Amino acid sequence: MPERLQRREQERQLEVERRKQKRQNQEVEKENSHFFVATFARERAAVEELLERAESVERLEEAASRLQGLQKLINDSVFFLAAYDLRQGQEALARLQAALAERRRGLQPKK
């Protein structure tokens, strides 16, 4: 805990002048795609475990709200995510949706 005036970091800030010689800063946005893959992969996994912990229709109905919230994550950055990743995050929820319907058919009554 030195509590001093760290102004030396501003001398190194001049290194940004080197980035100006490369392509446009619009490509720096491509580093945020990794965040989406992280948060999405972590979220999909939690929903995939909730439906397994469920014992009755009550917990099953709760898992249907978790999957509906995960589609909203892509809806925020939809125009940012490529056709590859957009289609991936959308269809990925459908993959886990089957794991719920496979338990639902044995939980809820049949015709």
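Structure: see above.
All of the points below concern the structure found in this document. (Residues numbered from 1 in each chain as written, not as in the entry; some residues may be left out. Heavy atoms only, no water.)

## Structural notes on the packing of aromatic side chains
In step 1: In this structure the tally under the stated criterion is 1 aromatic pair.
In step 2: With centroids separated by 5.3 Å and ring planes inclined at 50°, the aromatic side chains of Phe36 and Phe40 adopt a geometry described as tilted. Taken together, the residues span about one helical turn, with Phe36 and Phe40 both in helix α3 (residues 33–53) at a distance of 4 residues. One exposure class covers both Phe36 and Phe40, and it is buried. (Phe/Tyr/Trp six-rings, centres within 6.5 Å; stacked < 30°, edge-to-face > 60°. Helix = DSSP H or I, 4+ residues; strand = E, 2+ residues; numbered from the N terminus. Buried < 20%, exposed > 50% of the residue type's maximum accessible area, 1.4 Å probe, protein only.)

## Some thoughts on the packing of α3 against helix α4 (residues 57–76)
In step 1: In contact at an axis separation of 10 Å, α3 and α4 are set at 170° when each is read in the N-to-C sense. Between α3 and α4, the angle falls in the class roughly antiparallel. Contacts from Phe36, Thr39, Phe40, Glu43, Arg44, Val47 and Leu50 of α3 reach α4 at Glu62, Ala63, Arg66, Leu67, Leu70, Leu73 and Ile74.
In step 2: A class-by-class count of the residues in the contact of α3 with α4 yields 9 nonpolar, 1 polar and 4 charged. (Axes fitted to C-alpha atoms, helices over the stretch in contact; angles between N-to-C directions. Parallel < 35°, antiparallel > 145°, perpendicular 65-115°, else oblique. Contact = heavy atoms within 4.5 Å. Nonpolar A, V, L, I, M, F, W, Y, C, P; charged D, E, K, R; others polar.)

Treat this as a map of the structure, not an account of what it does.
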